[PDB]
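Text of the file protein36.cif, holding mmCIF, N, CA and C atoms:
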data_coords
loop_
_atom_site.label_atom_id
_atom_site.label_comp_id
_atom_site.auth_asym_id
_atom_site.auth_seq_id
_atom_site.Cartn_x
_atom_site.Cartn_y
_atom_site.Cartn_z
N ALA A 27 0.83 -1.20 0.00
CA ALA A 27 0.00 0.00 0.00
C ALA A 27 0.87 1.26 0.00
N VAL A 28 0.68 2.14 0.98
CA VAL A 28 1.45 3.38 1.02
C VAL A 28 2.93 3.04 1.12
N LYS A 29 3.76 3.96 0.66
CA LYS A 29 5.08 3.60 0.20
C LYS A 29 5.85 4.87 -0.15
N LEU A 30 6.11 5.69 0.86
CA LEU A 30 6.47 7.08 0.62
C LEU A 30 7.92 7.43 0.94
N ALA A 31 8.30 8.64 0.56
CA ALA A 31 9.70 9.02 0.43
C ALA A 31 10.01 10.34 1.14
N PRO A 32 10.38 10.26 2.43
CA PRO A 32 10.70 11.45 3.23
C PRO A 32 11.82 12.28 2.62
N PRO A 33 11.72 13.61 2.70
CA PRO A 33 12.67 14.54 2.09
C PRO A 33 14.12 14.25 2.49
N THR A 34 15.03 14.32 1.52
CA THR A 34 16.45 14.19 1.81
C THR A 34 17.03 15.54 2.20
N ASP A 35 16.50 16.60 1.59
CA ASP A 35 16.93 17.95 1.91
C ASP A 35 16.28 18.40 3.21
N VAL A 36 17.09 18.90 4.13
CA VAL A 36 16.59 19.34 5.43
C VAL A 36 16.04 20.76 5.34
N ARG A 37 14.80 20.94 5.77
CA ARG A 37 14.16 22.24 5.78
C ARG A 37 14.79 23.09 6.88
N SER A 38 15.07 24.35 6.56
CA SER A 38 15.85 25.22 7.44
C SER A 38 15.30 25.25 8.86
N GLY A 39 16.19 25.00 9.83
CA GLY A 39 15.83 25.08 11.23
C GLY A 39 15.60 23.73 11.88
N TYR A 40 15.62 22.67 11.07
CA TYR A 40 15.43 21.32 11.60
C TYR A 40 16.75 20.59 11.72
N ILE A 41 16.92 19.90 12.85
CA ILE A 41 18.17 19.24 13.18
C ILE A 41 18.03 17.73 13.08
N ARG A 42 18.68 17.16 12.07
CA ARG A 42 18.59 15.73 11.80
C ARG A 42 19.48 14.93 12.75
N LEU A 43 18.93 13.87 13.32
CA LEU A 43 19.69 12.99 14.20
C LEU A 43 20.45 11.97 13.36
N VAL A 44 21.65 11.62 13.79
CA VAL A 44 22.46 10.67 13.04
C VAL A 44 21.87 9.26 13.06
N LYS A 45 21.17 8.88 14.14
CA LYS A 45 20.67 7.51 14.25
C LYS A 45 19.24 7.30 13.77
N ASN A 46 18.58 8.37 13.35
CA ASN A 46 17.38 8.26 12.52
C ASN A 46 17.25 9.51 11.66
N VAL A 47 17.51 9.34 10.37
CA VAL A 47 17.66 10.45 9.45
C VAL A 47 16.33 11.13 9.11
N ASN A 48 15.23 10.54 9.55
CA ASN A 48 13.91 11.16 9.38
C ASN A 48 13.39 11.76 10.69
N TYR A 49 14.24 11.75 11.71
CA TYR A 49 13.88 12.29 13.02
C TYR A 49 14.59 13.62 13.24
N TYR A 50 13.83 14.66 13.58
CA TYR A 50 14.41 16.00 13.70
C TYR A 50 14.04 16.73 14.98
N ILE A 51 14.90 17.67 15.36
CA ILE A 51 14.59 18.65 16.39
C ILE A 51 14.24 19.98 15.72
N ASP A 52 13.04 20.48 15.99
CA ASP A 52 12.65 21.79 15.49
C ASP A 52 13.33 22.86 16.34
N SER A 53 14.34 23.51 15.77
CA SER A 53 15.13 24.50 16.50
C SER A 53 14.26 25.62 17.07
N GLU A 54 13.29 26.07 16.27
CA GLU A 54 12.47 27.22 16.63
C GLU A 54 11.48 26.89 17.75
N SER A 55 11.36 25.61 18.09
CA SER A 55 10.43 25.18 19.13
C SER A 55 11.09 25.15 20.50
N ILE A 56 12.41 25.30 20.53
CA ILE A 56 13.17 25.10 21.76
C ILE A 56 12.97 26.22 22.78
N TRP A 57 12.66 25.83 24.01
CA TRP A 57 12.61 26.77 25.12
C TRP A 57 13.37 26.20 26.32
N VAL A 58 14.38 26.93 26.77
CA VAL A 58 15.12 26.56 27.97
C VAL A 58 14.46 27.20 29.18
N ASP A 59 14.15 26.39 30.18
CA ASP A 59 13.43 26.87 31.35
C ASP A 59 14.15 28.05 31.97
N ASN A 60 13.42 29.13 32.16
CA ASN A 60 14.01 30.34 32.70
C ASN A 60 14.56 30.11 34.10
N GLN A 61 13.94 29.23 34.88
CA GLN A 61 14.33 29.07 36.28
C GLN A 61 15.36 27.95 36.47
N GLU A 62 15.19 26.86 35.73
CA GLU A 62 16.13 25.75 35.78
C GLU A 62 16.55 25.35 34.36
N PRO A 63 17.69 25.86 33.89
CA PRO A 63 18.13 25.74 32.50
C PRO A 63 18.61 24.34 32.11
N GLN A 64 18.63 23.40 33.05
CA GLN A 64 18.90 22.01 32.73
C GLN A 64 17.68 21.37 32.07
N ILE A 65 16.55 22.07 32.16
CA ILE A 65 15.29 21.59 31.61
C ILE A 65 14.94 22.37 30.36
N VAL A 66 14.81 21.68 29.23
CA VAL A 66 14.45 22.35 27.99
C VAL A 66 13.33 21.65 27.22
N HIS A 67 12.34 22.44 26.83
CA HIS A 67 11.20 21.96 26.06
C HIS A 67 11.51 22.10 24.58
N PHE A 68 10.95 21.21 23.77
CA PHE A 68 11.17 21.28 22.33
C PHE A 68 10.26 20.30 21.59
N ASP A 69 10.05 20.56 20.31
CA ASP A 69 9.28 19.65 19.47
C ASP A 69 10.21 18.70 18.73
N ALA A 70 9.85 17.42 18.75
CA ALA A 70 10.51 16.45 17.88
C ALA A 70 9.60 16.22 16.68
N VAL A 71 10.19 16.24 15.49
CA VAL A 71 9.43 16.11 14.26
C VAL A 71 9.96 14.95 13.44
N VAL A 72 9.06 14.03 13.09
CA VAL A 72 9.44 12.83 12.37
C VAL A 72 8.72 12.77 11.02
N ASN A 73 9.48 12.74 9.94
CA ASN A 73 8.90 12.53 8.62
C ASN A 73 8.71 11.03 8.38
N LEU A 74 7.47 10.62 8.14
CA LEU A 74 7.10 9.21 8.15
C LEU A 74 7.48 8.42 6.89
N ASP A 75 7.83 7.16 7.11
CA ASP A 75 8.09 6.19 6.05
C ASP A 75 6.79 5.50 5.67
N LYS A 76 5.74 5.76 6.43
CA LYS A 76 4.41 5.30 6.06
C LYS A 76 3.32 6.26 6.48
N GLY A 77 2.40 6.49 5.56
CA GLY A 77 1.20 7.25 5.85
C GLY A 77 0.41 6.58 6.95
N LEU A 78 0.07 7.37 7.97
CA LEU A 78 -0.80 6.90 9.03
C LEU A 78 -2.18 7.49 8.78
N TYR A 79 -3.15 6.62 8.53
CA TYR A 79 -4.51 7.07 8.25
C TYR A 79 -5.25 7.31 9.56
N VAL A 80 -5.02 8.49 10.14
CA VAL A 80 -5.63 8.86 11.41
C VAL A 80 -6.61 10.02 11.21
N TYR A 81 -7.05 10.21 9.97
CA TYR A 81 -7.99 11.28 9.65
C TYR A 81 -9.38 10.71 9.37
N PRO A 82 -10.42 11.51 9.66
CA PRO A 82 -11.82 11.12 9.43
C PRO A 82 -12.08 10.70 7.99
N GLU A 83 -11.25 11.19 7.08
CA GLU A 83 -11.45 10.95 5.66
C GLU A 83 -10.45 9.88 5.19
N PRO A 84 -10.98 8.82 4.55
CA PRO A 84 -10.34 7.52 4.31
C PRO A 84 -8.90 7.54 3.80
N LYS A 85 -8.62 8.28 2.73
CA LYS A 85 -7.28 8.23 2.12
C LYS A 85 -6.43 9.43 2.45
N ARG A 86 -6.87 10.20 3.44
CA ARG A 86 -6.02 11.21 4.01
C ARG A 86 -5.12 10.51 5.01
N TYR A 87 -3.81 10.73 4.91
CA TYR A 87 -2.88 10.12 5.84
C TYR A 87 -1.83 11.11 6.32
N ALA A 88 -1.32 10.86 7.52
CA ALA A 88 -0.29 11.70 8.12
C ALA A 88 1.05 11.43 7.45
N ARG A 89 1.78 12.50 7.15
CA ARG A 89 3.11 12.38 6.57
C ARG A 89 4.18 12.64 7.61
N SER A 90 3.80 13.23 8.74
CA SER A 90 4.76 13.50 9.80
C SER A 90 4.11 13.59 11.18
N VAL A 91 4.96 13.52 12.20
CA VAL A 91 4.52 13.52 13.59
C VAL A 91 5.30 14.56 14.38
N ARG A 92 4.58 15.42 15.10
CA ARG A 92 5.20 16.45 15.93
C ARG A 92 4.93 16.14 17.40
N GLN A 93 5.99 15.93 18.17
CA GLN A 93 5.84 15.55 19.58
C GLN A 93 6.47 16.58 20.52
N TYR A 94 5.66 17.08 21.45
CA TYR A 94 6.14 17.99 22.48
C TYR A 94 6.91 17.20 23.53
N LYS A 95 8.19 17.51 23.67
CA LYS A 95 9.05 16.82 24.63
C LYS A 95 9.54 17.77 25.72
N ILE A 96 9.81 17.22 26.90
CA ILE A 96 10.53 17.95 27.94
C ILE A 96 11.71 17.11 28.42
N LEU A 97 12.91 17.67 28.34
CA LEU A 97 14.13 16.95 28.68
C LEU A 97 14.84 17.56 29.88
N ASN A 98 15.17 16.72 30.85
CA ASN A 98 15.99 17.14 31.98
C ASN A 98 17.43 16.68 31.78
N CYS A 99 18.29 17.60 31.37
CA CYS A 99 19.67 17.27 31.04
C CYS A 99 20.46 16.76 32.24
N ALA A 100 19.97 17.03 33.44
CA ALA A 100 20.63 16.57 34.65
C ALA A 100 20.53 15.05 34.78
N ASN A 101 19.35 14.51 34.49
CA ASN A 101 19.11 13.08 34.64
C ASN A 101 18.69 12.37 33.35
N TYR A 102 18.72 13.09 32.23
CA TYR A 102 18.30 12.53 30.95
C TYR A 102 16.92 11.89 31.02
N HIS A 103 16.00 12.53 31.73
CA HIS A 103 14.60 12.13 31.70
C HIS A 103 13.90 12.88 30.59
N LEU A 104 13.19 12.14 29.74
CA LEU A 104 12.50 12.73 28.60
C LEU A 104 11.01 12.49 28.75
N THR A 105 10.25 13.58 28.82
CA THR A 105 8.81 13.48 29.01
C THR A 105 8.07 13.74 27.70
N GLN A 106 7.18 12.82 27.36
CA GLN A 106 6.34 12.95 26.18
C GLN A 106 5.05 13.65 26.58
N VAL A 107 4.83 14.84 26.05
CA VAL A 107 3.71 15.68 26.49
C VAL A 107 2.49 15.55 25.58
N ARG A 108 2.67 15.72 24.28
CA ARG A 108 1.58 15.50 23.33
C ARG A 108 2.09 15.12 21.95
N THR A 109 1.18 14.59 21.13
CA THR A 109 1.50 14.16 19.78
C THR A 109 0.45 14.68 18.80
N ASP A 110 0.91 15.31 17.73
CA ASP A 110 0.02 15.71 16.65
C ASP A 110 0.53 15.14 15.33
N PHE A 111 -0.40 14.73 14.48
CA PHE A 111 -0.06 14.22 13.17
C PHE A 111 -0.39 15.27 12.13
N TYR A 112 0.45 15.37 11.11
CA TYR A 112 0.28 16.38 10.07
C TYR A 112 0.33 15.72 8.69
N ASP A 113 -0.42 16.27 7.74
CA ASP A 113 -0.56 15.65 6.43
C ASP A 113 0.52 16.16 5.47
N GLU A 114 1.42 16.99 5.98
CA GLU A 114 2.61 17.39 5.23
C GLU A 114 3.83 17.01 6.05
N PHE A 115 5.01 17.24 5.51
CA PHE A 115 6.24 16.95 6.24
C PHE A 115 6.61 18.13 7.13
N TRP A 116 7.56 17.91 8.03
CA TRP A 116 8.07 18.98 8.89
C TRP A 116 7.04 19.47 9.90
N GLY A 117 6.03 18.65 10.15
CA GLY A 117 5.03 18.93 11.16
C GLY A 117 4.17 20.14 10.85
N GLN A 118 3.72 20.25 9.61
CA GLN A 118 2.81 21.32 9.21
C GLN A 118 1.67 20.77 8.38
N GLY A 119 0.71 21.64 8.09
CA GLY A 119 -0.43 21.28 7.29
C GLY A 119 -1.61 20.95 8.17
N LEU A 120 -2.39 19.98 7.74
CA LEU A 120 -3.61 19.61 8.43
C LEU A 120 -3.30 18.72 9.62
N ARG A 121 -3.82 19.11 10.78
CA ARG A 121 -3.49 18.43 12.02
C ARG A 121 -4.59 17.48 12.46
N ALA A 122 -4.17 16.35 13.02
CA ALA A 122 -5.07 15.43 13.69
C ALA A 122 -4.38 14.99 14.97
N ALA A 123 -5.14 14.89 16.05
CA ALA A 123 -4.57 14.44 17.32
C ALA A 123 -5.44 13.35 17.92
N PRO A 124 -4.82 12.40 18.62
CA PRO A 124 -5.63 11.43 19.35
C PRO A 124 -6.49 12.18 20.35
N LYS A 125 -7.51 11.54 20.92
CA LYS A 125 -8.47 12.24 21.76
C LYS A 125 -7.92 12.49 23.17
N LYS A 126 -7.36 11.46 23.80
CA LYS A 126 -6.62 11.64 25.05
C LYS A 126 -5.16 11.37 24.76
N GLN A 127 -4.32 12.31 25.18
CA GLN A 127 -2.90 12.25 24.91
C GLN A 127 -2.22 11.40 25.96
N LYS A 128 -1.45 10.41 25.52
CA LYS A 128 -0.68 9.60 26.44
C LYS A 128 0.59 10.34 26.81
N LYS A 129 0.75 10.62 28.10
CA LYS A 129 1.95 11.26 28.59
C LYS A 129 2.79 10.23 29.32
N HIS A 130 4.10 10.42 29.30
CA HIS A 130 5.00 9.41 29.82
C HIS A 130 6.41 9.98 29.92
N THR A 131 7.08 9.69 31.04
CA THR A 131 8.45 10.12 31.23
C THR A 131 9.38 8.92 31.20
N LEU A 132 10.38 8.98 30.33
CA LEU A 132 11.30 7.88 30.14
C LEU A 132 12.71 8.25 30.56
N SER A 133 13.33 7.40 31.37
CA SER A 133 14.75 7.54 31.67
C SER A 133 15.52 6.99 30.48
N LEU A 134 16.26 7.86 29.80
CA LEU A 134 16.92 7.48 28.56
C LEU A 134 18.17 6.63 28.79
N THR A 135 18.32 5.60 27.97
CA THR A 135 19.51 4.76 27.97
C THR A 135 20.30 5.02 26.69
N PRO A 136 21.61 4.71 26.71
CA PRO A 136 22.49 5.04 25.58
C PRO A 136 22.15 4.31 24.28
N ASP A 137 22.66 4.84 23.17
CA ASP A 137 22.56 4.19 21.87
C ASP A 137 21.12 4.04 21.32
N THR A 138 20.29 5.09 21.43
CA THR A 138 18.92 5.08 20.88
C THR A 138 18.50 6.46 20.38
N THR A 139 17.66 6.48 19.36
CA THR A 139 17.30 7.72 18.69
C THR A 139 17.08 8.86 19.67
N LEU A 140 16.41 8.58 20.79
CA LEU A 140 16.09 9.61 21.78
C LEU A 140 17.32 10.11 22.55
N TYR A 141 18.20 9.19 22.92
CA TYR A 141 19.45 9.53 23.59
C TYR A 141 20.24 10.49 22.69
N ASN A 142 20.11 10.31 21.38
CA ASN A 142 20.84 11.09 20.37
C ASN A 142 20.43 12.52 20.55
N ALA A 143 19.12 12.68 20.53
CA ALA A 143 18.50 13.98 20.63
C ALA A 143 18.89 14.63 21.95
N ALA A 144 18.87 13.86 23.02
CA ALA A 144 19.23 14.38 24.34
C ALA A 144 20.66 14.92 24.32
N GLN A 145 21.56 14.16 23.71
CA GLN A 145 22.97 14.54 23.65
C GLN A 145 23.16 15.87 22.92
N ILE A 146 22.38 16.09 21.87
CA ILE A 146 22.47 17.33 21.10
C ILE A 146 21.93 18.50 21.92
N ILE A 147 20.78 18.29 22.55
CA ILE A 147 20.16 19.31 23.38
C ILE A 147 21.07 19.69 24.54
N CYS A 148 21.47 18.70 25.33
CA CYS A 148 22.29 18.95 26.51
C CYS A 148 23.69 19.45 26.15
N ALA A 149 24.21 19.03 25.00
CA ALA A 149 25.50 19.53 24.53
C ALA A 149 25.41 21.03 24.26
N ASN A 150 24.32 21.45 23.63
CA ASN A 150 24.12 22.86 23.31
C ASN A 150 23.84 23.72 24.54
N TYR A 151 23.01 23.21 25.45
CA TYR A 151 22.53 24.00 26.58
C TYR A 151 23.03 23.53 27.94
N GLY A 152 23.61 22.34 27.99
CA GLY A 152 24.03 21.77 29.25
C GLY A 152 25.36 22.30 29.74
N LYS A 153 25.82 23.39 29.12
CA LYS A 153 27.14 23.93 29.42
C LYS A 153 27.41 25.15 28.55
#

Structure translated into structure tokens:
Amino acid sequence: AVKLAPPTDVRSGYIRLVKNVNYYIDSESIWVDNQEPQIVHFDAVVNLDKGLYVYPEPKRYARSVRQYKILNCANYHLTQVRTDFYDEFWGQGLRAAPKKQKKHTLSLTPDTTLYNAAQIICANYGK
């Protein structure tokens, strides 16, 4: 069925992770906590290798996923706050969201797409 081709060219302001080339940090989404700068909020944006049909209309499918994250660089805890699906790449276009958002905080372990992102974030702001 669906069988799609995420952009090779990086749209300005998006930071590609080495361990998943379709996984990005939206630079413009980044906020470092004013009171505790070890904590930084940001959007993770994933260009999909498969259309996710999460829209009311049958052959409308999501091309990307935008996830609100909160990272504590002190302990590498990553909190998943919300998820939105978009029918274009780079987390734009028509949005669809699940009805209740699953939130979850994960203690990150080494050598995984998320740890990658943490290392970039904390490297930039953790010092």

Report as number ranges by chain: the residues of chain A with a DSSP assignment of strand (DSSP E or B), based on the backbone of this structure. A: 40-43, 46-58, 65-78, 88-98, 103-112, 121-122, 130-133

Test item: residues at most 8 Å from residue A:76, only C-alpha atoms, excluding those fewer than 3 positions along its chain, as a compact mmCIF listing (two decimals) with N, CA and C atoms, keeping the file's coordinate frame:
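Saved as out-v6.txt:
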# COMPACT_ATOMS: atom_id res chain seq x y z
N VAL A 28 0.68 2.14 0.98
CA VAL A 28 1.45 3.38 1.02
C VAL A 28 2.93 3.04 1.12
N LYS A 29 3.76 3.96 0.66
CA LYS A 29 5.08 3.60 0.20
C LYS A 29 5.85 4.87 -0.15
N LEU A 30 6.11 5.69 0.86
CA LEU A 30 6.47 7.08 0.62
C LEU A 30 7.92 7.43 0.94
N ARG A 89 1.78 12.50 7.15
CA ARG A 89 3.11 12.38 6.57
C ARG A 89 4.18 12.64 7.61

Could you expand the PyMOL selection byres ((chain A and resi 68) around 5) into the explicit residues it covers here, written as a PyMOL selection string? chain A and resi 55-57+66-67+69-70+94-95

Convert the current residue selection to file output with N, CA and C atoms, as a PDB file, in the frame of the given file.
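Generated output (again_1.pdb):
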ATOM      1  N   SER A  55      11.360  25.610  18.090  1.00  0.00           N
ATOM      2  CA  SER A  55      10.430  25.180  19.130  1.00  0.00           C
ATOM      3  C   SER A  55      11.090  25.150  20.500  1.00  0.00           C
ATOM      4  N   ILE A  56      12.410  25.300  20.530  1.00  0.00           N
ATOM      5  CA  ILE A  56      13.170  25.100  21.760  1.00  0.00           C
ATOM      6  C   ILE A  56      12.970  26.220  22.780  1.00  0.00           C
ATOM      7  N   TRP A  57      12.660  25.830  24.010  1.00  0.00           N
ATOM      8  CA  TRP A  57      12.610  26.770  25.120  1.00  0.00           C
ATOM      9  C   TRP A  57      13.370  26.200  26.320  1.00  0.00           C
ATOM     10  N   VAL A  66      14.810  21.680  29.230  1.00  0.00           N
ATOM     11  CA  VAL A  66      14.450  22.350  27.990  1.00  0.00           C
ATOM     12  C   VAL A  66      13.330  21.650  27.220  1.00  0.00           C
ATOM     13  N   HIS A  67      12.340  22.440  26.830  1.00  0.00           N
ATOM     14  CA  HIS A  67      11.200  21.960  26.060  1.00  0.00           C
ATOM     15  C   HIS A  67      11.510  22.100  24.580  1.00  0.00           C
ATOM     16  N   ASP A  69      10.050  20.560  20.310  1.00  0.00           N
ATOM     17  CA  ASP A  69       9.280  19.650  19.470  1.00  0.00           C
ATOM     18  C   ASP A  69      10.210  18.700  18.730  1.00  0.00           C
ATOM     19  N   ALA A  70       9.850  17.420  18.750  1.00  0.00           N
ATOM     20  CA  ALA A  70      10.510  16.450  17.880  1.00  0.00           C
ATOM     21  C   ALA A  70       9.600  16.220  16.680  1.00  0.00           C
ATOM     22  N   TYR A  94       5.660  17.080  21.450  1.00  0.00           N
ATOM     23  CA  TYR A  94       6.140  17.990  22.480  1.00  0.00           C
ATOM     24  C   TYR A  94       6.910  17.200  23.530  1.00  0.00           C
ATOM     25  N   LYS A  95       8.190  17.510  23.670  1.00  0.00           N
ATOM     26  CA  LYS A  95       9.050  16.820  24.630  1.00  0.00           C
ATOM     27  C   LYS A  95       9.540  17.770  25.720  1.00  0.00           C
TER      28      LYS A  95
END

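Taking atom CA of residue A:117 and atom CA of residue A:72 as the two end points, the separation is 7.6 Å.
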
I need the residue set behind the PyMOL selection byres ((chain A and resi 107) around 6) for this file; please write it as a ChimeraX atom specification. /A:94-96,105-106,108-109,128-130

Dump of N, CA and C atoms for the selected residues, as a tab-separated table (two decimals), in the coordinates of the input:
chain	number	residue	atom	x	y	z
A	94	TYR	N	5.66	17.08	21.45
A	94	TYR	CA	6.14	17.99	22.48
A	94	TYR	C	6.91	17.20	23.53
A	95	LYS	N	8.19	17.51	23.67
A	95	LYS	CA	9.05	16.82	24.63
A	95	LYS	C	9.54	17.77	25.72
A	96	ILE	N	9.81	17.22	26.90
A	96	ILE	CA	10.53	17.95	27.94
A	96	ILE	C	11.71	17.11	28.42
A	105	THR	N	10.25	13.58	28.82
A	105	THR	CA	8.81	13.48	29.01
A	105	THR	C	8.07	13.74	27.70
A	106	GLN	N	7.18	12.82	27.36
A	106	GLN	CA	6.34	12.95	26.18
A	106	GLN	C	5.05	13.65	26.58
A	108	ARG	N	2.67	15.72	24.28
A	108	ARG	CA	1.58	15.50	23.33
A	108	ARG	C	2.09	15.12	21.95
A	109	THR	N	1.18	14.59	21.13
A	109	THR	CA	1.50	14.16	19.78
A	109	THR	C	0.45	14.68	18.80
A	128	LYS	N	-1.45	10.41	25.52
A	128	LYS	CA	-0.68	9.60	26.44
A	128	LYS	C	0.59	10.34	26.81
A	129	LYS	N	0.75	10.62	28.10
A	129	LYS	CA	1.95	11.26	28.59
A	129	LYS	C	2.79	10.23	29.32
A	130	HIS	N	4.10	10.42	29.30
A	130	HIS	CA	5.00	9.41	29.82
A	130	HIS	C	6.41	9.98	29.92

Atom CA of residue A:65 to atom N of residue A:149, straight-line distance in Å: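 Distance reported for this atom pair: 11.4 Å.
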
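For the set A:151, A:110, A:126, A:145, the residue with the smallest atom-to-atom gap to residue A:44 is A:145, counting only C-alpha atoms.
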
Can you spell out as a VMD selection string the set of residues that the PyMOL selection byres (((chain A and resi 115 and name CA) around 10) and name CA) selects in the structure I just provided? chain A and resid 32 to 33 37 71 to 74 88 to 92 111 to 114 116 to 119

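Nearest to residue A:51 of all the residues A:138, A:39, A:79, A:125 is A:39, based on only N, CA and C atoms.
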
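Close to (15.5, 9.2, 34.2), meaning no more than 6 Å away when counting all atoms listed in the file, sit the residues residues 101, 102, 103, 104, 132, 133 and 134 of chain A.
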
Could you tell me how far atom CA of residue A:80 lies from atom CA of residue A:46, in Å and to one decimal?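 Calculated distance between atom CA of residue A:80 and atom CA of residue A:46 is 23.0 Å.
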
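Using only C-alpha atoms, the shortest contact distance between residue A:120 and any of A:142, A:86, A:62, A:47 is found at A:86.
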
Pick the closest to residue A:81 from A:58, A:144, A:31, A:121: which is it, counting all atoms listed in the file? A:121

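Residue nearest residue A:140, chosen from A:43, A:122, A:78, A:99 and counting only C-alpha atoms: A:43.
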
Tell me, which residues of chain A carry DSSP helix (DSSP H, G or I), written as a ChimeraX atom specification? /A:139-151

Can those selected residues be exported to a file as a PDB file, in the coordinates of the input so that it contains N, CA and C atoms?
ATOM      1  N   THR A 139      17.660   6.480  19.360  1.00  0.00           N
ATOM      2  CA  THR A 139      17.300   7.720  18.690  1.00  0.00           C
ATOM      3  C   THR A 139      17.080   8.860  19.670  1.00  0.00           C
ATOM      4  N   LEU A 140      16.410   8.580  20.790  1.00  0.00           N
ATOM      5  CA  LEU A 140      16.090   9.610  21.780  1.00  0.00           C
ATOM      6  C   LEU A 140      17.320  10.110  22.550  1.00  0.00           C
ATOM      7  N   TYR A 141      18.200   9.190  22.920  1.00  0.00           N
ATOM      8  CA  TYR A 141      19.450   9.530  23.590  1.00  0.00           C
ATOM      9  C   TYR A 141      20.240  10.490  22.690  1.00  0.00           C
ATOM     10  N   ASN A 142      20.110  10.310  21.380  1.00  0.00           N
ATOM     11  CA  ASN A 142      20.840  11.090  20.370  1.00  0.00           C
ATOM     12  C   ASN A 142      20.430  12.520  20.550  1.00  0.00           C
ATOM     13  N   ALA A 143      19.120  12.680  20.530  1.00  0.00           N
ATOM     14  CA  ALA A 143      18.500  13.980  20.630  1.00  0.00           C
ATOM     15  C   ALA A 143      18.890  14.630  21.950  1.00  0.00           C
ATOM     16  N   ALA A 144      18.870  13.860  23.020  1.00  0.00           N
ATOM     17  CA  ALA A 144      19.230  14.380  24.340  1.00  0.00           C
ATOM     18  C   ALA A 144      20.660  14.920  24.320  1.00  0.00           C
ATOM     19  N   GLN A 145      21.560  14.160  23.710  1.00  0.00           N
ATOM     20  CA  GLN A 145      22.970  14.540  23.650  1.00  0.00           C
ATOM     21  C   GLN A 145      23.160  15.870  22.920  1.00  0.00           C
ATOM     22  N   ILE A 146      22.380  16.090  21.870  1.00  0.00           N
ATOM     23  CA  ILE A 146      22.470  17.330  21.100  1.00  0.00           C
ATOM     24  C   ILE A 146      21.930  18.500  21.920  1.00  0.00           C
ATOM     25  N   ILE A 147      20.780  18.290  22.550  1.00  0.00           N
ATOM     26  CA  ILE A 147      20.160  19.310  23.380  1.00  0.00           C
ATOM     27  C   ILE A 147      21.070  19.690  24.540  1.00  0.00           C
ATOM     28  N   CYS A 148      21.470  18.700  25.330  1.00  0.00           N
ATOM     29  CA  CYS A 148      22.290  18.950  26.510  1.00  0.00           C
ATOM     30  C   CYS A 148      23.690  19.450  26.150  1.00  0.00           C
ATOM     31  N   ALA A 149      24.210  19.030  25.000  1.00  0.00           N
ATOM     32  CA  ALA A 149      25.500  19.530  24.530  1.00  0.00           C
ATOM     33  C   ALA A 149      25.410  21.030  24.260  1.00  0.00           C
ATOM     34  N   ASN A 150      24.320  21.450  23.630  1.00  0.00           N
ATOM     35  CA  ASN A 150      24.120  22.860  23.310  1.00  0.00           C
ATOM     36  C   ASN A 150      23.840  23.720  24.540  1.00  0.00           C
ATOM     37  N   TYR A 151      23.010  23.210  25.450  1.00  0.00           N
ATOM     38  CA  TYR A 151      22.530  24.000  26.580  1.00  0.00           C
ATOM     39  C   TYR A 151      23.030  23.530  27.940  1.00  0.00           C
TER      40      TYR A 151
END
